[PDB]
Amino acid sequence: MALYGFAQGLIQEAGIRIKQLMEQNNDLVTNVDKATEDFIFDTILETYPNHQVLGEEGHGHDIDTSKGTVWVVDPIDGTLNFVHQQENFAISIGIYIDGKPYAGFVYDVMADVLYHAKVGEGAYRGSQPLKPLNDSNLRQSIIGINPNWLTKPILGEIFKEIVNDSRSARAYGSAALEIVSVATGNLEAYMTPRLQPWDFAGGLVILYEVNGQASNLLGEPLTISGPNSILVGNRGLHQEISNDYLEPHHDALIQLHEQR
């Protein structure tokens, strides 16, 4: 809890630094993103020059994520929200050691709420412990899914069936916060066909602590080594969405996947 404390503090400074630029003011968003990852990357290597960093903004492209201590960071998850709402965005940081998860952090800057988790030690929202997730049926569940996905060829019919059955659907525009929302019980499931390592790195650690699960749309495991599709939910309904709704269209999904 020296690396942890240090990770914990940095994500929070990075946030306040963001608030500080915003108030000093879509070219804005492009700087800020850049300036924030550059701040995160510079502060890390100045103390831990052996630590590797995989960033949204380009740092560590094609790194071996399984060697040494590896920070995977997205300085702003929810750029559009950042630009149009000036809120509902987050910094995401997962720290892996030898390929194994150590810590996750996702910080809702404008709410000033930090979701944090060290592996084996439980999940937190601010300083309140998160409870382990209960099982639900899709029919009493609220699902996180973007309307844009429902317009697609193939993918659309598939998500249609599952939107129809869901109690109801939401779309917040930040994958890290929505993974977090699942970890908090606020969404029973979240799904999307494409996401990059930094978008789920921080949040999966958190989720693993309250026993939620993450797979891609084909039920296979997620790694920080490459991009993928995403299905996150409590144990019972993840099993339900994959077994019933996705996996009979396996071949249609392997194909879009092999394309994308």
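Heads up: residue numbers just count along the shown sequence, starting at 1.
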- [ ] Between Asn25 and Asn26, count the deposited residues left without coordinates and pick a bin: none, 1 to 3, 4 to 9, 10 or more.
- [x] 4 to 9
- [ ] Would you mind comparing 39-47 and 56-64 for me and telling me which has the higher average C-alpha temperature factor in the entry?
- [x] 56-64
Open item on the list: Per the record, averaged over C-alpha atoms, which has the higher B-factor: 149-157 or 163-171?
Closed with: 149-157
- [ ] Tell me which of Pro129, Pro75, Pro101, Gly144 tops the list for C-alpha B factor in the record.
- [x] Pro129
Open item on the list: Comparing recorded Cα B-factors across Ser181, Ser92, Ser136, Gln85, which one is largest?
Closed with: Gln85
TODO: Comparing against every modelled residue in the chain, figure out the third that the C-alpha B-factor of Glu209 lands in (lowest, middle or highest).
DONE: lowest
TODO: Place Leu195 in the lowest, middle or highest third of its chain's C-alpha B-factors, as listed in the PDB entry.
DONE: highest
- [ ] Please place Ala117 in the lowest, middle or highest third of its chain by C-alpha B factor as given in the entry.
- [x] middle
TODO: Sorting the chain's modelled residues by C-alpha B-factor, tell me whether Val29 ends up in the lowest, middle or highest third.
DONE: highest
TODO: Quick one: classify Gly15 as lowest, middle or highest third of the chain based on its Cα B-factor.
DONE: highest
